[PDB]
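Contents: one structure, followed by commentary.
2 protein chains.
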Amino acid sequence: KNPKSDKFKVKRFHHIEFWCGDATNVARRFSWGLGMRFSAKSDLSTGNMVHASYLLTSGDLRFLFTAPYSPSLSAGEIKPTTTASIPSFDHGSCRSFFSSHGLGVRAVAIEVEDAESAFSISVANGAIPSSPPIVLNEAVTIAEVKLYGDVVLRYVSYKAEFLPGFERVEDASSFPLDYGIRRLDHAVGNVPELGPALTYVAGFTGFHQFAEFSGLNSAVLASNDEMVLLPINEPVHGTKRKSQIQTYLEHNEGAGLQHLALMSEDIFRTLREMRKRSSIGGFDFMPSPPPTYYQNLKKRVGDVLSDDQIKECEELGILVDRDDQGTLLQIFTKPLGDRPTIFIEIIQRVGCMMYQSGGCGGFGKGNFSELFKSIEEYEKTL
Amino acid sequence: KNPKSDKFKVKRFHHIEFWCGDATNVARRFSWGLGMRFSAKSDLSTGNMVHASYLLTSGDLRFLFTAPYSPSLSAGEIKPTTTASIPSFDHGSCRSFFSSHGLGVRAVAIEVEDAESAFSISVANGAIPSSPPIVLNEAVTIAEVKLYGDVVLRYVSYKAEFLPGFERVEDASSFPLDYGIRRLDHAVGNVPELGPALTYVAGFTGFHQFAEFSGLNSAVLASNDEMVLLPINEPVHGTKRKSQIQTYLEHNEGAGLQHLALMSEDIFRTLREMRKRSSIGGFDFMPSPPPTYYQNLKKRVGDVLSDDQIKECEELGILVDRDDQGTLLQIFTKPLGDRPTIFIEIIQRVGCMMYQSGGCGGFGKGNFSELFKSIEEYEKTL
Ligand SMILES: Cc1ccccc1-n1c(=O)c2c(C)c(C(=O)c3c(C)nn(C)c3O)ccc2n(C)c1=O
Ligand SMILES: Cc1ccccc1-n1c(=O)c2c(C)c(C(=O)c3c(C)nn(C)c3O)ccc2n(C)c1=O
Ligand SMILES: [Co+2]
Ligand SMILES: [Co+2]
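Chains P and L, in that order, give the protein sequences.
With the UniProt record's numbering applied, the first sequence corresponds to residues 35 to 194, 201 to 253, 263 to 403, 411 to 438, in that order.
With the UniProt record's numbering applied, the second sequence corresponds to residues 35 to 194, 201 to 253, 263 to 403, 411 to 438, in that order.
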């Protein structure tokens, strides 16, 4: 059931911003590892004396990487005179964020009809303000409220390219990399207590619980058309294997963004390209499930995937799960940086045509049982 | 003239350590951009709860990338019980270094006969102690003294692989990249005042001035066999073009390491490989000199380089300079990170055979006049 109770008009995910120590090196690593193009910048060369911000794009997916310059470069500025292109940026906040959490997501940005109204309505409905609505060049409005931990939900609205003050990147510096990633499917937070997290966010957005069908309890919040999907997890304590949600909280110094799920228009091509680059600057993937898992896929999705398409999942280490409505193909990277905290999921969904509905096939929770069973079965092959 | 006045026995450059916010992303970017292999690690997977350190190698060149974990992981430790593999590491120092300077070199490490003796003699001769000699697994001794700004000169000595507590990297994660870089040729510091810098370092090392033949004054300190080369620059104020040394000091928040010169056994192959990767995660190079500069190379080095080898310099943007003793081929990257501070020089020297003597061909200061003249000449072609 979908009560369509969004308290303001929400459009789509707009971008994800990472707070970095050095935005150049993270952005270049991510660009090569994920096949994302350099498309905009805001830095010293554009007159920004406060922060360096570099935007990567793949299809509709936008990754922003920001790091502070020396505060001495902007010591004469005040907010009315700032050269920052993102007026919510603060040297002290950014340094404290990164020292506390390491590399990670600071902002989950969604495009809304009216960022001022969304901010007002959100805070009137319990949201903790983080940055008030600011109108940029009478063209775009940005505002921020707290989501969980030190992560903010950023609202952006456009009267009618990324943000004012950003410059398009010269073609020579903009190699047209593309491994097939096209948009952000969902963004997942880890918290110590799921109940209060859910009630807070569902409180100020009006997002509703999206229906499903180890070591965690989880729930998914969704916008009216269920295109914005914000799952949240809490750990389950006492298990024989320590909860990965608890390990995240310990190494992250508390709540924060756990994984970003990126939709590919061709998950086979995406994984082939990403795996060729794993050991030459790109991203590593979690261990592949045992061949038993792939021997068990025929009985589960053999009506959706050919044996040749099932063989390709096996070569690439892809997992498969299924709802009553659609099928999901997914795989997880190892952590993106030093700490066992944030990682990336690559996904592709099949089914639920009308365009495709959001969350088609679920999020893969059925793979816990399938993996465990596959692992006992591989142990029995022995 | 070489008075061979080293106060302790110095062998070779051993490694360069960068202090990072995220060592994983910088190390992966550098590995792909420079063609360096992942060869050792010290991190959570090796029992280090304090810092993540990843070592890249190309030939004899060793780049170490280190970032701190959350202090909470090691809050119960004391120095006698530490899990850090580099006992000089300190969370607070590393965070303050990176927040102050951004990404840059913390340690210039040289292998010495006896790190305890080198540290003792250095401090007895004016060096500011940074970290006392520590013996690791009764196998290697490390000690550190201040070099300039927040950069330390690190001594390492071996009784008889990198450091104890580091683990060799699994072959699967160790792709054998190689673009021809083989060793560190020199490491250059920028300071506000050259005189006191030179006197301090020459004071405690016994390193002597190495003889030569805009916007800077410079001098080179060398070890007995002149294989360790530590140039230092200060700005020249008042020039019509602002000194790049002064720009460095402003953005770096003071003195620090300006450039690392990496010797290639085949600078043509190195530059071809690095330039193919500039826009797909690697390093960018400074603008190429005008074709006039290459039309002027025949008259200057036409006895050393074929016209086909001179054409290859032109395709790759390589600069050429010459001493009374040897010839130098060199090129400079754009800054390695967000700030216009540290950059890399790729070099190859020809001449001075006996093995090759250090500094063969100088350091390229003759290219200031050659570039300027070439630029006026290209303007005249018009
Ligand atoms: C626990 C663990 C330790 C080490 C290596 C992998 C894993 N591991 C996963 O991490 C995992 C994730 C993140 C999702 C996910 O993407 C998700 C969930 C669940 N709920 N929602 C809303 C999502 O988006 C779905 C299945 C997963 N399986 C089966 C699994 O084994
Ligand atoms: C100033 C500047 C602004 C923007 C773009 C490039 C440049 N630029 C250089 O940066 C430069 C360097 C660093 C060296 C060097 O490597 C060095 C020196 C000098 N002394 N020692 C001991 C060295 O090792 C040699 C020649 C150079 N030329 C000719 C030049 O134009
Ligand atoms: Co997911
Ligand atoms: Co040089």
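Note that CB positions come from ideal geometry on N, CA and C, so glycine has one too.
- Judged by their CB atoms, P/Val350 and P/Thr376 are nearer to each other than the 7 angstroms cut-off.
- Contacts between L/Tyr103 and chain P, judged by CB atoms closer than 9 angstroms, involve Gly136, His300, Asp387 and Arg388 in chain order.
- Counting other Cβ atoms within 10 Å of its Cβ, L/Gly126 stays below 16 and is therefore classed as exposed.
- Excluding five sequence positions before and after L/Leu234, the CB atoms of its chain that fall closer than 8 angstroms to its own CB belong to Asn266, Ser267, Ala268, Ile281, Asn282 and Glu283, given in chain order.
- The beta strand (DSSP E) runs lying completely inside the UniProt domain "VOC 1" (46-192) of chain P and spanning 3 residues or more are 71-76, 85-92, 95-102, 138-146, 163-170, 174-182 and 185-192, given in chain order.
- With 16 or more neighbouring CB atoms inside 10 Å of its own CB, P/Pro384 falls in the buried class.
- Nearest Cα to P/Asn301 within the set P/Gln412, P/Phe131 and P/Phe317: P/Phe131.
- Taking 7 angstroms as the threshold, the shortest C-beta distance from L/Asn59 to chain P falls below it.
- Between the alpha carbons of P/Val84 and L/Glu51 lies a gap of roughly 27 angstroms.
- The beta carbons of L/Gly183 and L/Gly243 sit no closer together than 7 angstroms.
- Under the DSSP assignment, L/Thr390 falls outside any beta strand (DSSP E); it carries neither an H nor an E label.
- For L/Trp53, no CB of chain P lies under 7 angstroms from its own CB, so it is not counted at the interface with that chain.
- Contact between L/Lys180 and L/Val174 fails: their C-beta atoms lie close to 21 angstroms from each other, not under 8 angstroms.
- Under the criterion of beta carbons closer than 8 angstroms, P/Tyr189 and P/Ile144 qualify as touching, at roughly 6 angstroms.
- Contact of P/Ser65 with chain L by beta-carbon distance below 8 angstroms involves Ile329 and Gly330.
- Neighbourhood of L/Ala86 in chain P, by CB distance below 7 angstroms: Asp387, in chain order.
- Annotation for L/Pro102: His85, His125 and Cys128 place their beta carbon closer than 6 angstroms to its own, counting only its chain and skipping 5 residues before and after.
- Under DSSP, L/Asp370 shares a beta bridge with L/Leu377.
- By the Cβ criterion, the stretch 320-331 of chain L is in contact with the stretch 60-75 of chain P, since at least three pairs of Cβ atoms, one from each stretch, lie closer than 8 angstroms.
- Only exposed fits P/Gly110, as fewer than 16 other CB atoms lie within 10 angstroms of its CB.
- Relative to P/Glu363, the option among P/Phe317, P/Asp372, P/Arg222 and P/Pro389 whose CA is nearest is P/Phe317.
- Taking 8 angstroms as the upper bound for CB-CB distance, P/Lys38 and P/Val146 are not in contact here, some 16 angstroms apart.
- P/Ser313 sits in a strand when the DSSP states are folded into three classes.
- In the DSSP assignment, P/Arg326 falls outside any beta strand (DSSP E) and carries neither an H nor an E.
- With a cut-off of 8 angstroms on Cβ pairs, the stretch 283-300 of chain L is in contact with the stretch 214-232 of chain L, counting three or more such pairs.
- Within the stretch 332-370 of chain L, complete alpha helix (DSSP H) segments of at least 4 residues are found at 340-344, 346-350 and 356-365, given in chain order.
- Note on the stretch 202-249 of chain P: whole beta strand (DSSP E) runs with a minimum of 3 residues are 221-230, in chain order.
- Look at P/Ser425 here: in three-state DSSP terms it is helix.
- Contact with chain L is found for P/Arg129, since one of that chain's Cβ atoms lies less than 7 angstroms from the residue's Cβ.
- Here the C-alpha atom of P/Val399 lies approximately 19 angstroms from the C-alpha atom of P/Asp94.
- One residue after another in chain order, those with a Cβ under 5 angstroms from a heavy atom of ligand 4 are L/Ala310, L/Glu394 and L/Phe419.
- According to the DSSP assignment, L/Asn282 belongs to no alpha helix (DSSP H) but to the beta strand (DSSP E) extending over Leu278 to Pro284.
- If you look at L/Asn266, you'll find it in the beta strand (DSSP E) that goes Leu265 to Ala271.
- Excluding residues up to 5 positions away in sequence, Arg71, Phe72 and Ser73 lie with their Cβ nearer than 8 angstroms to the Cβ of L/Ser214 in the same chain.
- Its Cα nearest to that of P/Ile391, the residue P/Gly138 stands out among P/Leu170, P/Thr341 and P/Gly138.
- Using a CB distance below 9 angstroms, the part of the stretch 97-122 of chain L facing chain P consists of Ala101, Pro102, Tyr103, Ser104, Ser106 and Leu107, ordered along the chain.
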